[PDB]
Every structure is written in structure tokens, then in C-alpha cells.
Amino acid sequence: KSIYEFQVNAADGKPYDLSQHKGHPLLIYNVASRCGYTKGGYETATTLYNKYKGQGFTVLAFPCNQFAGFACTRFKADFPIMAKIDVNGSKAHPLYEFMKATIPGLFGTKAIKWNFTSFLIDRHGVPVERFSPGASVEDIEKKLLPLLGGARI
Ligand SMILES: [N+]
């Protein structure tokens, strides 16, 4: 079981080539589609994407208007933004049900609670880590640096 058994549209609204990232770690974030504290999670995402993309790594942002409790200037980033999805409820994306079921917020139901929650994916496409929006760059590197070689050899 891996993320590569799910299909997803990209921002342009057409099917995204998810499998191009197979055999390399990847971080997947939920981000607000509208306004989005561009400090914190956003700067960790961008930092990691720039420090590590060169070696196969990417960050994927799934816009989601589920935690705004029609605003600002629409999410922008250097990494791949996907088509807006729901991450919780009867219409959540099975990709998100898969990752949330694989790694829950202990209780919290497993539900996504915050924007800029991320999941780290291994070379095989298995979610191995769930980070909170306030996780630092270093805190993500502790788990990620032993994946930029796969976890082997
Ligand atoms: N998507």
C-alpha cells in the first residue's frame, strides 16, 4: 500500500503524475486555498523543498478550505500545488484517508486538525511520519535525511 495507488488532480485541474515521485521521499501538506499565514509551515515547506529537491525530494500542497475558522491572494509556492480537496468528512480524498489512517493524531479521530500538517512519504510511497504545522526544519530532517538514500544499502 502506497500513495501511488491514488489518483489526484493538479492545480490546472487535470490528472497529476504522482508516480514521477516514486523511489524518492516526499512531503505532503494541506494548506488553505485562500489566506494562509505565510510565516511558519510555509517557510518550513519552502526551506525543505529548496534544501532537498536536488536529490529527488518534493513537496506537494493540497489546498483545502476546511480550516478557515473567499479571502486573500490565493496560495502561491515554488512546489506543486494540487486541486482543492477535502481532507476530512464524507468527501475526503482516499489519499488523505489512507495517510490519516496510517498515522493518526493519536485520537483527534485521526482527523486533520490544522493547516500545514504534513506527512512524510518514503521511497516506496508509504507514509512514515505525520508532522504538526509548527514542526521545525530540523525536526523534519531527523526523519527525512535517512530517506534520501532510501533506508538501505
Ligand atoms: N488534488
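Please work out which one of (1) more than 18 Å from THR44 (Cα to Cα); (2) among the hydroxyl-bearing types (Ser, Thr, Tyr); (3) over 14 Å from the mean Cα position of the chain (by Cα) is the condition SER136 fails and give its number.
Against the list (1) more than 18 Å from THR44 (Cα to Cα); (2) among the hydroxyl-bearing types (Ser, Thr, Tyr); (3) over 14 Å from the mean Cα position of the chain (by Cα), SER136 comes up short only on (1).
Which of the residues that make up region 99-115 are surrounded by 19 or more Cβ atoms within 10 Å (Cβ to Cβ) and either more than 22 Å from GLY40 (Cα to Cα) or of a type outside the set (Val, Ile, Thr) (or both)?
Of everything in region 99-115, those that are surrounded by 19 or more Cβ atoms within 10 Å (Cβ to Cβ) and either more than 22 Å from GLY40 (Cα to Cα) or of a type outside the set (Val, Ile, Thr) (or both) turn out to be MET99, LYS100, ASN115.
How about region 8-17: which of its residues are on the phi < 0 side of the Ramachandran plot and either surrounded by 21 or more Cβ atoms within 10 Å (Cβ to Cβ) or assigned to a loop (DSSP other than H, G, I, E, B) (or both)?
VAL8, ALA11, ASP12, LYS14, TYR16, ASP17
Just for region 38-64: of the residues that are surrounded by 13 or more Cβ atoms within 10 Å (Cβ to Cβ) and in a loop (DSSP other than H, G, I, E, B), which one is nearest to the ligand (Cβ to nearest atom)?
My answer is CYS64.
Check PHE67, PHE75 and return the single one that is within 16 Å of the ligand (Cβ to nearest atom) and more than 23 Å from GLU5 (Cα to Cα).
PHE75
Here, each number is a calculation from the coordinates, and none is a lab measurement. Cβ sites come from the backbone with ideal geometry, for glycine too, and all protein chains shown count toward neighbours.
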